[PDB]
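Peer 1: Can you keep this structure in mind? I'll have questions shortly.
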2 protein chains.
Amino acid sequence: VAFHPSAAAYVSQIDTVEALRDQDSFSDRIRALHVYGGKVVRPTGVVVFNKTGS
Amino acid sequence: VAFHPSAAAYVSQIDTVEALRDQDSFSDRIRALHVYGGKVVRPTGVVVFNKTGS
């Protein structure tokens with residue numbers, strides 16, 4: 001992909017990690033949440049070679 | 001209702017409020033419990049106008 005940095009945007013809104021005890025066993029539980037979003041705000045500012053590549 | 005205070009009793013036995021990290025999601029949980037009882041200990045000491053009204 002060829003682009004200018006201004007053509008696409010990203011937001012990290014939440015990023016947290018948490019420690020608990022398991023209810024069903026003698027275990028620690030570690031869990032983490034990430035909430036984010038992003039958009040190509042200017043589509044002509046991004047050029048893609050092999051776009052169907054999977 | 002026209003009554004004398006002594007004609008009816010009420011007991012607040014438990015009234016507790018609690019906060020606990022939720023188990024199934026990244027959420028706070030607020031929970032509260034109230035345990036109580038009441039009786040008219042003298043039924044003639046309480047006079048009700050429009051008793052059947054709703």
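Identifiers for the structure tokens are assigned positionally: chains receive A, B, ... in sequence, residues are indexed from 1 per chain, and ligands are indexed from 1 in the order shown.
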Which of chain A counts as strand (DSSP E) under DSSP, as a PyMOL selection string please?
Peer 2: chain A and resi 2-3+9-21+28-39+46-47
Peer 1: Mind writing the picked residues with N, CA and C atoms as a tab-separated table (two decimals), in the first residue's frame?
Peer 2:
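Below you can see again31.tsv, which holds the result:
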chain	number	residue	atom	x	y	z
A	2	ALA	N	0.53	2.21	-0.86
A	2	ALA	CA	1.18	3.51	-0.92
A	2	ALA	C	0.18	4.58	-0.47
A	3	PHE	N	0.57	5.43	0.47
A	3	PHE	CA	-0.33	6.43	1.03
A	3	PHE	C	0.41	7.63	1.59
A	9	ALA	N	-6.90	7.56	9.36
A	9	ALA	CA	-6.92	7.94	10.76
A	9	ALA	C	-7.22	6.75	11.67
A	10	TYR	N	-6.64	6.78	12.87
A	10	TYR	CA	-6.80	5.75	13.90
A	10	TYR	C	-6.94	6.39	15.29
A	11	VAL	N	-7.82	5.83	16.10
A	11	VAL	CA	-8.09	6.22	17.48
A	11	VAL	C	-7.98	5.00	18.39
A	12	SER	N	-7.11	5.05	19.40
A	12	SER	CA	-7.19	4.20	20.59
A	12	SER	C	-7.93	4.95	21.69
A	13	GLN	N	-9.13	4.49	22.04
A	13	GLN	CA	-9.98	5.13	23.04
A	13	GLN	C	-9.82	4.51	24.43
A	14	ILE	N	-9.77	3.18	24.52
A	14	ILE	CA	-9.57	2.45	25.78
A	14	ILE	C	-8.49	1.39	25.61
A	15	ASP	N	-7.63	1.25	26.60
A	15	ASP	CA	-6.64	0.19	26.67
A	15	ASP	C	-6.33	-0.12	28.13
A	16	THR	N	-6.93	-1.17	28.69
A	16	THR	CA	-6.78	-1.53	30.11
A	16	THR	C	-6.53	-3.01	30.33
A	17	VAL	N	-5.86	-3.33	31.43
A	17	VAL	CA	-5.56	-4.68	31.91
A	17	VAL	C	-5.97	-4.81	33.37
A	18	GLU	N	-6.44	-5.99	33.76
A	18	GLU	CA	-7.16	-6.25	35.01
A	18	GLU	C	-6.78	-7.62	35.58
A	19	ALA	N	-6.65	-7.72	36.90
A	19	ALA	CA	-6.36	-8.97	37.60
A	19	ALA	C	-7.47	-9.35	38.58
A	20	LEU	N	-7.86	-10.62	38.54
A	20	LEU	CA	-8.96	-11.23	39.29
A	20	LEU	C	-8.56	-12.62	39.78
A	21	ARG	N	-9.42	-13.24	40.58
A	21	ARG	CA	-9.40	-14.66	40.94
A	21	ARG	C	-10.46	-15.38	40.13
A	28	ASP	N	-5.40	-17.43	39.24
A	28	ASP	CA	-5.49	-16.05	38.79
A	28	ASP	C	-6.21	-15.98	37.45
A	29	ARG	N	-6.87	-14.86	37.21
A	29	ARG	CA	-7.40	-14.47	35.90
A	29	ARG	C	-6.81	-13.12	35.54
A	30	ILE	N	-6.23	-13.03	34.35
A	30	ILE	CA	-5.77	-11.78	33.75
A	30	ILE	C	-6.64	-11.53	32.54
A	31	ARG	N	-7.22	-10.34	32.43
A	31	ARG	CA	-7.98	-9.93	31.25
A	31	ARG	C	-7.65	-8.51	30.83
A	32	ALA	N	-7.72	-8.21	29.55
A	32	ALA	CA	-7.41	-6.90	28.99
A	32	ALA	C	-8.39	-6.52	27.88
A	33	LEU	N	-8.77	-5.26	27.82
A	33	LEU	CA	-9.71	-4.70	26.86
A	33	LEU	C	-9.02	-3.62	26.04
A	34	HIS	N	-9.22	-3.64	24.73
A	34	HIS	CA	-8.81	-2.58	23.84
A	34	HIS	C	-9.98	-2.14	22.96
A	35	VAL	N	-10.28	-0.85	22.97
A	35	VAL	CA	-11.36	-0.22	22.21
A	35	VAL	C	-10.74	0.83	21.31
A	36	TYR	N	-11.02	0.75	20.02
A	36	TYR	CA	-10.35	1.53	19.00
A	36	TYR	C	-11.22	1.70	17.76
A	37	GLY	N	-10.82	2.57	16.85
A	37	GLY	CA	-11.46	2.73	15.56
A	37	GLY	C	-10.55	3.39	14.54
A	38	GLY	N	-10.92	3.33	13.27
A	38	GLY	CA	-10.15	3.95	12.21
A	38	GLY	C	-10.88	3.99	10.88
A	39	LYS	N	-10.50	4.94	10.03
A	39	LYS	CA	-11.14	5.24	8.75
A	39	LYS	C	-10.10	5.69	7.73
A	46	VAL	N	-4.89	6.64	-0.71
A	46	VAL	CA	-4.39	5.28	-0.49
A	46	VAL	C	-4.50	4.45	-1.77
A	47	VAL	N	-3.39	3.87	-2.21
A	47	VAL	CA	-3.28	3.05	-3.40
A	47	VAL	C	-2.85	1.65	-3.00
Peer 1: What do you get for the Cα RMSD if chain A is superposed onto chain B using all Cα atoms in their order?
Peer 2: 0.6 Å
Peer 1: Each residue of chain B lying at most 10 Å from chain A should get a row with its shortest atom-to-atom pair and the distance in Å to one decimal, counting only C-alpha atoms; could you produce that, ordered by chain and increasing number, as a tab-separated table?
Peer 2:
residue	atom	partner	partner_atom	distance
B:21	CA	A:20	CA	8.3
B:22	CA	A:20	CA	9.9
B:23	CA	A:23	CA	8.2
B:25	CA	A:31	CA	9.8
B:26	CA	A:33	CA	7.7
Peer 1: Step one, run DSSP on the backbone; step two, keep only residues of chain B assigned to helix (DSSP H, G or I); then write them as an mmCIF file with N, CA, C and O atoms, in the first residue's frame.
Peer 2:
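Just written: selection13.cif:
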data_model
loop_
_atom_site.group_PDB
_atom_site.id
_atom_site.type_symbol
_atom_site.label_atom_id
_atom_site.label_comp_id
_atom_site.auth_asym_id
_atom_site.auth_seq_id
_atom_site.Cartn_x
_atom_site.Cartn_y
_atom_site.Cartn_z
ATOM 1 N N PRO B 5 -49.125 5.598 66.185
ATOM 2 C CA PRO B 5 -47.866 4.932 65.862
ATOM 3 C C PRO B 5 -47.686 3.530 66.438
ATOM 4 O O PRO B 5 -47.171 2.649 65.758
ATOM 5 N N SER B 6 -48.147 3.296 67.668
ATOM 6 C CA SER B 6 -48.014 2.016 68.353
ATOM 7 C C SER B 6 -48.811 0.881 67.705
ATOM 8 O O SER B 6 -48.544 -0.282 67.981
ATOM 9 N N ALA B 7 -49.776 1.169 66.835
ATOM 10 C CA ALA B 7 -50.635 0.161 66.235
ATOM 11 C C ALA B 7 -49.950 -0.678 65.149
ATOM 12 O O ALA B 7 -50.427 -1.763 64.828
ATOM 13 N N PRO B 43 -55.030 -4.056 64.970
ATOM 14 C CA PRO B 43 -55.795 -3.673 63.780
ATOM 15 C C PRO B 43 -56.838 -2.570 63.983
ATOM 16 O O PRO B 43 -57.160 -1.838 63.055
ATOM 17 N N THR B 44 -57.382 -2.429 65.188
ATOM 18 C CA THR B 44 -58.360 -1.374 65.507
ATOM 19 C C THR B 44 -57.721 -0.001 65.718
ATOM 20 O O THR B 44 -58.409 1.010 65.671
ATOM 21 N N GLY B 45 -56.407 0.064 65.913
ATOM 22 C CA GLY B 45 -55.666 1.312 66.071
ATOM 23 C C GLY B 45 -55.338 2.037 64.771
ATOM 24 O O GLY B 45 -54.721 3.091 64.821
#
Peer 1: Please, what distance in Å, to one decimal, runs between atom CA of residue A:49 and atom CA of residue A:1?
Peer 2: 6.3 Å
